[PDB]
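K.L.:
File name data_5.cif; file contents mmCIF, C-alpha atoms; full text below.
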```
data_target
loop_
_atom_site.label_atom_id
_atom_site.label_comp_id
_atom_site.auth_asym_id
_atom_site.auth_seq_id
_atom_site.Cartn_x
_atom_site.Cartn_y
_atom_site.Cartn_z
CA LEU A 631 -163.35 -78.03 -42.84
CA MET A 632 -165.51 -78.17 -45.94
CA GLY A 633 -166.18 -74.49 -45.41
CA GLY A 634 -168.88 -72.22 -44.06
CA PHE A 635 -169.69 -71.14 -40.54
CA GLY A 636 -169.54 -73.32 -37.46
CA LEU A 637 -172.65 -72.91 -35.36
CA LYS A 638 -173.30 -74.38 -31.93
CA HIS A 639 -176.95 -73.69 -32.58
CA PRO A 640 -177.22 -73.94 -36.36
CA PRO A 641 -180.44 -73.44 -38.28
CA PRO A 642 -182.80 -76.13 -37.02
CA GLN A 643 -183.92 -79.14 -38.98
CA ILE A 644 -187.31 -78.82 -40.65
CA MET A 645 -189.03 -82.20 -40.72
CA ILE A 646 -192.02 -83.13 -42.86
CA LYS A 647 -193.99 -86.27 -43.66
CA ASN A 648 -197.34 -87.24 -45.09
CA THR A 649 -199.77 -88.35 -42.42
CA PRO A 650 -200.79 -91.99 -42.98
CA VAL A 651 -204.27 -92.49 -44.36
CA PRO A 652 -205.50 -96.05 -43.79
CA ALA A 653 -207.33 -98.02 -46.43
CA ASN A 654 -210.63 -99.66 -45.51
CA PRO A 655 -210.30 -101.74 -42.33
CA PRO A 656 -211.77 -105.23 -42.06
CA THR A 657 -215.27 -105.34 -40.65
CA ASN A 658 -214.18 -107.46 -37.68
CA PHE A 659 -211.69 -106.17 -35.14
CA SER A 660 -208.05 -107.14 -35.61
CA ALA A 661 -205.31 -105.93 -33.29
CA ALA A 662 -202.63 -106.23 -35.97
CA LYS A 663 -201.15 -102.96 -37.17
CA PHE A 664 -202.29 -101.58 -40.51
CA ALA A 665 -200.07 -102.41 -43.45
CA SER A 666 -202.70 -101.06 -45.86
CA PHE A 667 -202.54 -97.36 -46.71
CA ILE A 668 -203.90 -94.99 -49.33
CA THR A 669 -201.05 -94.08 -51.66
CA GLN A 670 -200.55 -90.34 -51.65
CA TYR A 671 -197.93 -87.62 -51.89
CA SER A 672 -197.84 -83.90 -51.22
CA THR A 673 -196.50 -80.86 -53.03
CA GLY A 674 -196.24 -77.25 -52.04
CA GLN A 675 -194.14 -74.12 -51.96
CA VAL A 676 -191.16 -73.33 -49.73
CA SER A 677 -189.72 -69.87 -49.05
CA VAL A 678 -186.40 -69.18 -47.35
CA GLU A 679 -185.23 -65.66 -46.50
CA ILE A 680 -181.77 -65.06 -45.03
CA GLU A 681 -180.39 -61.68 -43.99
CA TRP A 682 -176.65 -61.35 -44.54
CA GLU A 683 -174.31 -58.77 -43.03
CA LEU A 684 -171.64 -57.28 -45.25
CA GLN A 685 -168.14 -55.98 -44.55
CA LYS A 686 -167.17 -53.32 -47.06
CA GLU A 687 -163.78 -53.03 -48.73
CA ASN A 688 -161.72 -50.14 -47.32
CA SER A 689 -158.55 -50.66 -49.40
CA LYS A 690 -156.18 -47.83 -50.37
CA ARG A 691 -154.30 -49.67 -53.12
CA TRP A 692 -153.75 -47.55 -56.20
CA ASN A 693 -153.89 -50.19 -58.91
CA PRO A 694 -157.05 -52.08 -59.89
CA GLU A 695 -158.05 -55.36 -58.32
CA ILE A 696 -158.98 -58.75 -59.69
CA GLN A 697 -162.73 -59.12 -60.12
CA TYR A 698 -164.91 -62.07 -61.03
CA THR A 699 -165.97 -61.43 -64.61
CA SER A 700 -167.77 -63.09 -67.47
CA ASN A 701 -165.90 -63.61 -70.72
CA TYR A 702 -166.95 -61.37 -73.58
CA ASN A 703 -166.04 -63.84 -76.33
CA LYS A 704 -168.97 -65.40 -78.14
CA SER A 705 -170.18 -68.85 -77.19
CA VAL A 706 -172.96 -71.30 -77.94
CA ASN A 707 -174.32 -71.13 -74.38
CA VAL A 708 -174.28 -68.32 -71.87
CA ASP A 709 -172.67 -69.36 -68.59
CA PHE A 710 -174.98 -69.83 -65.60
CA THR A 711 -177.99 -70.22 -67.86
CA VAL A 712 -180.33 -72.83 -69.30
CA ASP A 713 -179.53 -74.63 -72.55
CA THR A 714 -181.84 -75.37 -75.48
CA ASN A 715 -183.29 -78.29 -73.50
CA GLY A 716 -184.07 -76.25 -70.40
CA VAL A 717 -181.22 -77.57 -68.25
CA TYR A 718 -179.56 -75.14 -65.86
CA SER A 719 -175.83 -75.64 -65.39
CA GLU A 720 -172.97 -74.01 -63.49
CA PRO A 721 -169.74 -73.91 -65.51
CA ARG A 722 -167.24 -73.30 -62.71
CA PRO A 723 -166.94 -73.25 -58.91
CA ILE A 724 -166.92 -69.51 -58.16
CA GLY A 725 -165.10 -68.73 -54.92
CA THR A 726 -165.42 -65.69 -52.71
CA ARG A 727 -161.79 -64.43 -52.58
CA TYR A 728 -160.88 -61.69 -55.08
CA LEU A 729 -160.37 -58.40 -53.26
CA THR A 730 -157.06 -58.10 -51.44
CA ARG A 731 -156.00 -57.00 -47.97
CA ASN A 732 -152.66 -56.61 -46.21
CA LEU A 733 -151.57 -58.96 -43.45
CA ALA B 217 -153.16 -14.62 -42.92
CA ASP B 218 -150.22 -16.81 -41.91
CA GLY B 219 -146.81 -15.33 -42.66
CA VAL B 220 -143.53 -16.85 -43.71
CA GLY B 221 -143.47 -19.75 -41.26
CA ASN B 222 -147.03 -21.12 -41.23
CA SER B 223 -148.41 -23.47 -43.84
CA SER B 224 -151.53 -22.22 -45.58
CA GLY B 225 -152.93 -25.67 -46.29
CA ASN B 226 -152.71 -29.41 -45.85
CA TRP B 227 -152.45 -32.28 -48.29
CA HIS B 228 -155.86 -33.89 -48.89
CA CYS B 229 -155.72 -36.59 -51.57
CA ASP B 230 -158.28 -39.15 -50.37
CA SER B 231 -161.43 -40.48 -52.00
CA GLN B 232 -164.67 -40.99 -50.05
CA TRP B 233 -167.58 -43.25 -51.02
CA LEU B 234 -170.93 -42.59 -49.34
CA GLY B 235 -172.64 -44.86 -51.86
CA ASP B 236 -175.07 -42.36 -53.25
CA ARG B 237 -172.08 -40.14 -53.98
CA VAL B 238 -168.31 -40.20 -54.12
CA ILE B 239 -166.11 -37.25 -53.17
CA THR B 240 -162.69 -37.39 -54.81
CA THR B 241 -159.92 -35.00 -53.85
CA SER B 242 -156.52 -34.46 -55.43
CA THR B 243 -153.62 -32.36 -54.21
CA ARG B 244 -150.62 -31.72 -56.44
CA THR B 245 -147.46 -29.62 -56.51
CA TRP B 246 -147.09 -27.12 -59.34
CA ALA B 247 -144.40 -24.85 -60.74
CA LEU B 248 -145.27 -21.64 -62.54
CA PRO B 249 -142.67 -19.90 -64.71
CA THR B 250 -142.67 -16.43 -66.21
CA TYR B 251 -144.27 -16.68 -69.63
CA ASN B 252 -142.97 -14.59 -72.57
CA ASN B 253 -141.37 -11.93 -70.34
CA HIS B 254 -144.56 -10.59 -68.76
CA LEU B 255 -145.82 -9.64 -72.22
CA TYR B 256 -148.97 -10.03 -74.24
CA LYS B 257 -147.83 -11.02 -77.72
CA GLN B 258 -149.95 -11.58 -80.76
CA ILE B 259 -149.41 -14.89 -82.49
CA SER B 260 -150.45 -16.03 -85.92
CA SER B 261 -149.81 -18.79 -88.40
CA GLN B 262 -146.72 -18.39 -90.54
CA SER B 263 -146.47 -18.06 -94.28
CA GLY B 264 -146.64 -21.40 -96.02
CA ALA B 265 -149.28 -22.68 -93.64
CA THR B 266 -152.22 -24.06 -95.55
CA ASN B 267 -155.51 -22.16 -95.53
CA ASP B 268 -156.88 -24.78 -93.15
CA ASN B 269 -154.13 -24.17 -90.59
CA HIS B 270 -154.11 -20.36 -90.41
CA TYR B 271 -154.86 -18.72 -87.08
CA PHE B 272 -154.60 -15.38 -85.32
CA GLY B 273 -154.43 -14.85 -81.59
CA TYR B 274 -152.66 -13.69 -78.46
CA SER B 275 -150.32 -15.38 -76.01
CA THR B 276 -150.48 -14.11 -72.46
CA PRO B 277 -148.05 -14.10 -69.51
CA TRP B 278 -150.75 -15.88 -67.51
CA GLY B 279 -150.92 -19.57 -66.72
CA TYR B 280 -153.97 -21.63 -65.90
CA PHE B 281 -155.01 -24.75 -64.00
CA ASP B 282 -156.70 -27.63 -65.82
CA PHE B 283 -158.15 -30.60 -63.92
CA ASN B 284 -160.46 -31.63 -66.84
CA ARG B 285 -159.01 -35.19 -67.26
CA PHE B 286 -160.68 -37.93 -65.19
CA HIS B 287 -157.51 -39.59 -63.95
CA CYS B 288 -156.80 -36.35 -62.12
CA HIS B 289 -159.70 -37.10 -59.81
CA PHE B 290 -159.76 -40.92 -59.81
CA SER B 291 -157.26 -43.62 -59.07
CA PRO B 292 -157.44 -46.74 -61.22
CA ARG B 293 -158.97 -48.56 -58.27
CA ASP B 294 -161.48 -45.79 -57.59
CA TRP B 295 -162.32 -45.78 -61.29
CA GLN B 296 -162.94 -49.53 -61.11
CA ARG B 297 -165.30 -49.16 -58.15
CA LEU B 298 -167.27 -46.64 -60.18
CA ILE B 299 -167.51 -48.42 -63.52
CA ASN B 300 -168.15 -51.90 -62.15
CA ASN B 301 -170.86 -50.97 -59.66
CA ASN B 302 -172.76 -48.13 -61.31
CA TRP B 303 -175.05 -47.34 -64.23
CA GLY B 304 -174.11 -43.67 -64.36
CA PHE B 305 -172.47 -40.72 -62.69
CA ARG B 306 -172.41 -36.94 -62.92
CA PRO B 307 -170.49 -34.22 -61.09
CA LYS B 308 -172.26 -32.15 -58.46
CA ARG B 309 -169.93 -29.51 -57.03
CA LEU B 310 -166.22 -28.84 -56.80
CA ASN B 311 -163.86 -27.00 -54.48
CA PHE B 312 -160.49 -25.59 -55.51
CA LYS B 313 -157.51 -24.40 -53.47
CA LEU B 314 -154.06 -22.90 -53.93
CA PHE B 315 -151.85 -22.88 -50.85
CA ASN B 316 -148.27 -23.10 -49.59
CA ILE B 317 -147.07 -20.73 -52.25
CA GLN B 318 -143.37 -20.05 -52.72
CA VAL B 319 -141.87 -17.41 -55.00
CA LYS B 320 -138.26 -18.13 -55.90
#
```
What is this structure when it is put down as structure tokens?
P.N.:
Amino acid sequence: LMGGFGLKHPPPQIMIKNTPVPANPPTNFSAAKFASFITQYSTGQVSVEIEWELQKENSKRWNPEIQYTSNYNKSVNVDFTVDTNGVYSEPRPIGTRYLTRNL
Amino acid sequence: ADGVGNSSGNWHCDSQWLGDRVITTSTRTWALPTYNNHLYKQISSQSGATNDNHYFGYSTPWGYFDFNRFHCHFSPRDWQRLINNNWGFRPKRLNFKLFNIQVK
């Protein structure tokens, strides 16, 4: 109901954690669990590749159709772009429904 | 190769997009009159025309077909598909037909 595709078997969850690295144990045995750990974090790179199937528009209508377009008028910032501070923003919620079809 | 009661052609108006190329076809109905009584006549600018506007020539009984405007070959929606999706286009080949002729 928010949108998208309902999948019985959706893309699986990818789970990740940093393996615990203990700090130095005491020199005499203690059966208590370790609360003492070496502070660490991890970084890396993640690639995702999806293949999408398209359904082309077959329409016979004579007149032109509504398209999603940028505005030609001048502006301080270009839409869908970084600003002077390096912040990427999205001006509007673009939807997918423009082309038309008969019932 | 037909006779009085057989059509010599069909109406093909569609456009076809193969994505490297587009093939546009247009079929229209025309009416051809008799021009200037089957005569070749010379024509020229009148007196009082400025030097810039003088001309000399010939008018002929013949007519001619001109498809040289784009909207002949493209619907406004087919034109939109072309100009929105493409960096350039050029014509490759054409095919011309006259059929279903009627002399009244």
K.L.:
Can you check which residues of chain B have any atom within 12 Å of chain A? Use all atoms listed in the file and format it as a list in words.
P.N.:
residues 229, 230, 231, 232, 233, 234, 235, 287, 290, 291, 292, 293, 294, 295, 296, 297, 298, 299, 300 and 301 of chain B
K.L.:
Mind telling me what the PyMOL selection byres ((chain B and resi 283) around 12) catches here, as a ChimeraX atom specification?
P.N.:
/B:241-244,280-282,284-290,310-312
K.L.:
Could you list, as a PyMOL selection string, every residue within 10 Å of residue 307 (chain B), counting only C-alpha atoms and ignoring same-chain residues fewer than 4 positions away?
P.N.:
chain B and resi 237-239
K.L.:
Record the distance separating CA of residue 698 (chain A) and CA of residue 711 (chain A), expressed in Å with one decimal.
P.N.:
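Going from CA of residue 698 (chain A) over to CA of residue 711 (chain A) covers 16.9 Å.
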K.L.:
For the file shown, report as a list in words the outcome of the PyMOL selection byres ((chain A and resi 648) around 8) at residue level.
P.N.:
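Output from the PyMOL selection byres ((chain A and resi 648) around 8), applied to this file: residues 646, 647, 649, 650, 670, 671 and 672 of chain A.
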K.L.:
Tell me which residues the PyMOL selection byres ((chain B and resi 259) around 7) grabs here, as a ChimeraX atom specification.
P.N.:
/B:257-258,260,272-275
K.L.:
Counting only C-alpha atoms, write as a list in words all protein and nucleic acid residues lying at most 10 Å from (-143.4, -17.5, -61.8) in the file's frame.
P.N.:
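The requested residues, written out, are residues 247, 248, 249, 250, 251, 254, 277, 278, 279, 318, 319 and 320 of chain B.
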K.L.:
Can you write out the residues you just picked, keeping C-alpha atoms, as a JSON list (two decimals), in the coordinates of the input?
P.N.:
```json
[["chain", "number", "residue", "atom", "x", "y", "z"],
["B", 247, "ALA", "CA", -144.40, -24.85, -60.74],
["B", 248, "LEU", "CA", -145.27, -21.64, -62.54],
["B", 249, "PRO", "CA", -142.67, -19.90, -64.71],
["B", 250, "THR", "CA", -142.67, -16.43, -66.21],
["B", 251, "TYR", "CA", -144.27, -16.68, -69.63],
["B", 254, "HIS", "CA", -144.56, -10.59, -68.76],
["B", 277, "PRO", "CA", -148.05, -14.10, -69.51],
["B", 278, "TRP", "CA", -150.75, -15.88, -67.51],
["B", 279, "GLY", "CA", -150.92, -19.57, -66.72],
["B", 318, "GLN", "CA", -143.37, -20.05, -52.72],
["B", 319, "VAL", "CA", -141.87, -17.41, -55.00],
["B", 320, "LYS", "CA", -138.26, -18.13, -55.90]]
```
K.L.:
Just want the 12 Å neighbourhood of residue 225 (chain B), counted on only C-alpha atoms, with same-chain residues fewer than 5 positions away dropped. Output as a PyMOL selection string.
P.N.:
chain B and resi 217-218+243+312-317
K.L.:
Go ahead and save the residues from that selection, with C-alpha atoms, as a CSV table (one decimal), keeping the file's coordinate frame.
P.N.:
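Okay, this is what ended up in part26.csv:
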```
chain,number,residue,atom,x,y,z
B,217,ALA,CA,-153.2,-14.6,-42.9
B,218,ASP,CA,-150.2,-16.8,-41.9
B,243,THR,CA,-153.6,-32.4,-54.2
B,312,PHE,CA,-160.5,-25.6,-55.5
B,313,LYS,CA,-157.5,-24.4,-53.5
B,314,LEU,CA,-154.1,-22.9,-53.9
B,315,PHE,CA,-151.8,-22.9,-50.8
B,316,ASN,CA,-148.3,-23.1,-49.6
B,317,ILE,CA,-147.1,-20.7,-52.2
```
K.L.:
What is the CA of residue 674 (chain A)-CA of residue 651 (chain A) distance in Å, reported with one decimal?
P.N.:
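Distance between the two atoms: 18.9 Å.
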K.L.:
Any idea what's packed within 12 Å of residue 718 (chain A), counting all atoms listed in the file, ignoring anything in its chain fewer than 4 positions away? Could you give it as JSON, numbers by chain?
P.N.:
{"A": [707, 708, 709, 710, 711, 712, 713, 714]}
K.L.:
From the options A:635, A:652, A:677, A:641, which residue's atoms come nearest to residue 665 (chain A), counting only C-alpha atoms?
P.N.:
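The shortest atom-to-atom distance to residue 665 (chain A) comes from A:652.
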K.L.:
By how many Å are CA of residue 723 (chain A) and CA of residue 686 (chain A) apart?
P.N.:
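Separation of CA of residue 723 (chain A) and CA of residue 686 (chain A): 23.2 Å.
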K.L.:
Check the smallest atom-to-atom distance from each of B:262, B:219, B:226, B:270 to residue 245 (chain B) using all atoms listed in the file, then report the winner.
P.N.:
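Checking each of B:262, B:219, B:226, B:270 against residue 245 (chain B), counting all atoms listed in the file, the winner is B:226.
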